[PDB]
Structure formats: C-alpha cells, structure tokens
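Okay, so here's the structure we're looking at.
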Amino acid sequence: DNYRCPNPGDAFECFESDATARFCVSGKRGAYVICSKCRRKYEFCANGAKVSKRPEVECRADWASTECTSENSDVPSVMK
Amino acid sequence: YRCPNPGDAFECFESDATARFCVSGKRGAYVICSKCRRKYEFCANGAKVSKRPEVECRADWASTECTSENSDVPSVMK
C-alpha cells in the first residue's frame with residue numbers, strides 16, 4: 001500500500017502523537033467522530049474514511065467537544 | 001487473525017477488560033465489556049461495533065456496569 005495501510009490480518013503499527021485530537025471522519029460506514037491520530041489513520045485504512053470537509057454537517061456542530069471513549073479511540077493491534 | 005472454527009479454543013489476550021462497546025449483530029444491539037468479548041461477538045453473532053451507540057444501545061451505553069454476563073467469553077467456540 002501507497003499510504004502504508006496494512007492488509008487485513010496484518011499488524012497495525014502506529015505511534016500516537018495526539019490521542020485527544022477529535023476528528024469527524026466519513027467513509028463506507030458513515031460519518032462519525034473519532035479520537036486520536038492513530039484511530040483516524042485506522043478509519044482511513046479499514047473504512048476509507050477521510051476527515052470531513054463539513055464536520056458541522058456530517059457529524060454535529062459540537063463534534064469537537066465529543067468525549068473520547070475506548071469505543072471511539074482504540075485501534076486494533078491487527079488490521080480487521 | 002481469524003475466528004476459531006467450531007470446537008477450537010477461543011484464546012484471546014485481554015488488553016482492555018473494562019472497555020465498553022455497543023455491538024450490533026444477529027441477536028440485536030447490546031453493550032458488552034472487554035476487547036475479547038467484542039471479538040467473540042463478531043465471531044459468534046456477526047456483531048460489529050455500532051457507529052450510532054446512543055441510537056442502537058442507550059445514551060448512557062458507556063456508563064454500563066461490566067458484569068460476568070456482559071464480559072465473559074466461552075473458552076471453546078461452538
């Protein structure tokens with residue numbers, strides 16, 4: 001892969017530099033808010049989700065104040 | 001990493017036992033605790049982590065108390 005995305009079943013190796021960063025991403029499973037840069041890269045690789053150009057539209061007007069939980073933050077050690 | 005075949009051991013190393021997940025599959029949408037239980041739900045019930053947890057489960061799905069019912073995983077896949 002061009003973006004260095006792992007193939008399904010391979011290791012997901014990402015060094016986190018901003019865990020509390022919120023991102024409204026939009027891909028194959030819809031648009032939703034995630035937390036951390038590693039989760040943002042995981043969403044790009046697993047669901048083709050890119051960072052939304054209209055976050056207020058796709059997610060919520062208060063998408064940046066979303067609480068970071070294990071559900072919207074964690075990345076699997078292995079690409080699903 | 002694959003789901004075990006029926007009769008095979010469900011062997012999973014837990015890294016976040018208290019993590020809550022609203023999952024939605026063949027038996028509906030409900031809150032489970034732990035990454036190993038989340039993988040079990042995917043293998044047994046085709047349950048994937050919900051993109052609308054407040055919709056599918058509850059607005060307070062993340063405050064759900066973790067119990068043996070919503071956390072435990074069978075040792076052998078059926």
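We name chains A, B, ... following the order of the structure tokens; residues begin at 1 in each chain, and ligands are numbered from 1 as shown.
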Selection near residue A:37, 7 Å with only C-alpha atoms, sequence-local residues under 2 positions removed, as a PyMOL selection string | chain A and resi 16-19+21+39-41
Only N, CA and C atoms, please: the residues just picked out, written as a PDB file, in the first residue's frame.
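That gives us out-v3.pdb:
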ATOM      1  N   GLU A  16       1.253   6.961  18.421  1.00  0.00           N
ATOM      2  CA  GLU A  16       0.329   8.056  18.717  1.00  0.00           C
ATOM      3  C   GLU A  16       1.004   9.370  19.120  1.00  0.00           C
ATOM      4  N   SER A  17       0.650  10.487  18.495  1.00  0.00           N
ATOM      5  CA  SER A  17       1.206  11.799  18.828  1.00  0.00           C
ATOM      6  C   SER A  17       0.132  12.794  19.340  1.00  0.00           C
ATOM      7  N   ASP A  18      -1.173  12.438  19.258  1.00  0.00           N
ATOM      8  CA  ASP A  18      -2.254  13.325  19.693  1.00  0.00           C
ATOM      9  C   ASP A  18      -3.535  12.504  19.950  1.00  0.00           C
ATOM     10  N   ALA A  19      -3.561  11.760  21.054  1.00  0.00           N
ATOM     11  CA  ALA A  19      -4.652  10.864  21.446  1.00  0.00           C
ATOM     12  C   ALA A  19      -5.980  11.551  21.652  1.00  0.00           C
ATOM     13  N   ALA A  21      -7.036  14.306  20.118  1.00  0.00           N
ATOM     14  CA  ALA A  21      -7.489  15.047  18.951  1.00  0.00           C
ATOM     15  C   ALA A  21      -8.794  14.393  18.446  1.00  0.00           C
ATOM     16  N   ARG A  39      -6.367   6.402  15.392  1.00  0.00           N
ATOM     17  CA  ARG A  39      -7.717   5.973  15.062  1.00  0.00           C
ATOM     18  C   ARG A  39      -8.182   6.550  13.739  1.00  0.00           C
ATOM     19  N   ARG A  40      -7.767   7.781  13.444  1.00  0.00           N
ATOM     20  CA  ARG A  40      -8.050   8.478  12.205  1.00  0.00           C
ATOM     21  C   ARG A  40      -7.395   7.731  11.051  1.00  0.00           C
ATOM     22  N   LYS A  41      -6.152   7.267  11.217  1.00  0.00           N
ATOM     23  CA  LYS A  41      -5.461   6.501  10.178  1.00  0.00           C
ATOM     24  C   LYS A  41      -6.075   5.111  10.015  1.00  0.00           C
TER      25      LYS A  41
END
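For chain A, the residues close to chain B, meaning within 7 Å and counting only C-alpha atoms, are residues 9, 32, 70 and 71 of chain A.
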Once you have the residues from the selection above, write them out as a compact mmCIF listing (two decimals), in the first residue's frame, restricted to N, CA and C atoms.
# COMPACT_ATOMS: atom_id res chain seq x y z
N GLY A 9 -5.58 -8.64 8.55
CA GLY A 9 -4.84 -9.71 9.18
C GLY A 9 -3.41 -9.34 9.54
N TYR A 32 -18.79 9.85 11.52
CA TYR A 32 -18.81 9.80 12.97
C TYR A 32 -17.54 10.43 13.53
N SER A 70 -13.15 4.45 24.95
CA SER A 70 -12.41 3.34 24.33
C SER A 70 -13.03 3.00 22.96
N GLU A 71 -14.37 3.03 22.86
CA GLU A 71 -15.07 2.79 21.59
C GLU A 71 -14.65 3.69 20.42
Among the residues of stretch 29-68 of chain B, find those DSSP assigns to strand (DSSP E or B) from the backbone and print them as a list in words.
-> residues 29, 30, 31, 32, 33, 48 and 49 of chain B
Would you mind writing down, as a ChimeraX atom specification, each residue of chain A that DSSP on the backbone assigns to helix (DSSP H, G or I)?
-> /A:37-47,55-58,63-65,70-73
Name all residues at most 10 Å from residue A:55 (count only C-alpha atoms; drop same-chain ones fewer than 5 positions away) and give them as a PyMOL selection string.
-> chain A and resi 23-26+31-33+60-64
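With atom CA of residue A:10 on one side and atom CA of residue A:78 on the other, the separation reads 5.5 Å.
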Å distance separating atom CA of residue A:29 from atom CA of residue B:64, one decimal place | 24.8 Å
Contacts of stretch 38-45 of chain B within 6 Å, only C-alpha atoms, excl. fewer than 3 positions in-chain, as a ChimeraX atom specification = /B:3,25-26,35,48
Based on the selection just made, write N, CA and C atoms of those residues as a short mmCIF file (atom, residue, chain, number, x, y, z; two decimals), in the first residue's frame.
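Result file is out.cif:
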data_model
loop_
_atom_site.label_atom_id
_atom_site.label_comp_id
_atom_site.auth_asym_id
_atom_site.auth_seq_id
_atom_site.Cartn_x
_atom_site.Cartn_y
_atom_site.Cartn_z
N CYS B 3 -11.35 -15.97 13.19
CA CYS B 3 -12.30 -16.51 14.16
C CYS B 3 -12.02 -18.00 14.24
N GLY B 25 -25.46 -7.07 15.98
CA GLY B 25 -25.36 -8.22 15.09
C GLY B 25 -26.68 -8.96 14.98
N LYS B 26 -26.62 -10.29 14.81
CA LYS B 26 -27.77 -11.19 14.62
C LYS B 26 -28.71 -11.30 15.82
N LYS B 35 -12.30 -6.21 25.13
CA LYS B 35 -11.93 -6.45 23.74
C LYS B 35 -12.11 -7.92 23.33
N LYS B 48 -20.88 -6.21 14.98
CA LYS B 48 -19.86 -5.21 14.74
C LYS B 48 -20.10 -4.06 15.69
#
If we count only C-alpha atoms and set the cut-off at 8 Å, which residues sit around residue A:13, ignoring sequence neighbours fewer than 2 positions away in its own chain? Please answer as a compact mmCIF listing (two decimals) with N, CA, C and O atoms, in the first residue's frame.
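Full text of selection_37.txt as output:
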# COMPACT_ATOMS: atom_id res chain seq x y z
N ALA A 11 -0.29 -6.60 11.10
CA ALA A 11 -0.13 -5.73 12.27
C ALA A 11 -0.44 -4.24 11.97
O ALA A 11 -0.02 -3.73 10.93
N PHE A 15 2.35 5.00 15.90
CA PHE A 15 2.85 5.71 17.07
C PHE A 15 1.95 6.91 17.29
O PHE A 15 1.87 7.78 16.43
N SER A 77 -4.73 -4.06 17.39
CA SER A 77 -3.32 -4.34 17.08
C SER A 77 -3.15 -5.02 15.70
O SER A 77 -2.05 -5.04 15.15
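Of the listed residues (B:32, B:14, B:27, B:46), B:32 comes nearest to residue B:66; the distances count only C-alpha atoms.
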